[PDB]
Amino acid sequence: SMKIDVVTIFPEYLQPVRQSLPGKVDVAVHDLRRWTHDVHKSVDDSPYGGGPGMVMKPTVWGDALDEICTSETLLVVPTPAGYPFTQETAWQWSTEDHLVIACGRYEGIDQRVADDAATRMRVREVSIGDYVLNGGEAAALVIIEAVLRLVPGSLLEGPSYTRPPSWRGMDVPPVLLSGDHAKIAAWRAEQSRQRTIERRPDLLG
């Protein structure tokens, strides 16, 4: 049984993932503006030390996490400056009772929010890849998907084929129709080797 709370100023981004799950795991989405202070519902402010963009306010985020998090919570913060989120990470988090995902803008959440939370609960700042998003919402979607599909409920993969055996002048590799399953395995292994060399030589060292 896993509970996921997402906090975001774009709550509608996450509805189409909440309404996708089967046997209700529970996924709840919260509008950050619930915890604003002022009639203007301000969530960000100018960065100390100058610079472009805006930093998300610690007083707002602090109130939101205070309400939603407990000592058992794993607080996940998608950020370009995060540790890499991997399948290993997904496996670890799949056994957790409570994930809270804090979605911020690219510019960031005041660092004191995470630092303060970390004195009471486990906090994980994570990046899903080396590209820049405008905010953490899309990364939250990726994390939610990768984690939840592992909830009870190396080399690259090579090419796959299905019917028909011949399509637009291209035949399915005859070995796959051979009924020689040791040979098929060996062929697939060689396809995986070639593809890993070509596309992901980093995986080979």
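Note that residue numbering begins at 1 and tracks the sequence as displayed. Here, rigid core means the biggest group of C-alpha atoms that superpose within 1.5 Å across both forms.
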* How do 99 to 107 and 75 to 83 compare in 8 other deposited structures of this protein: which one has C-alphas farther from this form after the rigid core is matched? -> 99 to 107
* Structure fact -> As the entry stands, the deposited residues without coordinates between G153 and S154 add up to 10 or more
* Would you mind checking whether any residues of the deposited sequence sit unmodelled between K24 and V25, and how many (none, 1 to 3, 4 to 9, 10 or more)? => 4 to 9
* Greater mean Cα temperature factor according to the PDB record, 86 to 94 or 120 to 128 -> 86 to 94
* Asked: Mean C-alpha B-factor higher for 13 to 21, or for 181 to 189?
  -> 13 to 21
* Report the option among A140, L65, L148, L176 whose CA atom has the maximum B-factor in the deposited record. => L148
* Consider only the C-alpha atoms of the modelled residues in this chain, order them by B-factor as the entry records it, and name the third containing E107: lowest, middle or highest. => highest
* **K57, C-alpha B-factor rank within chain (lowest, middle or highest third)** => lowest
* Please place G136 in the lowest, middle or highest third of its chain by C-alpha B factor as given in the entry. => lowest
* Looking at the entry's B-factor column for C-alpha atoms only, identify whether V7 ranks in the lowest, middle or highest third of its chain. => lowest
* Asked: Relative to the other modelled residues in the chain, which third contains the C-alpha temperature factor of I144: lowest, middle or highest?
  -> lowest
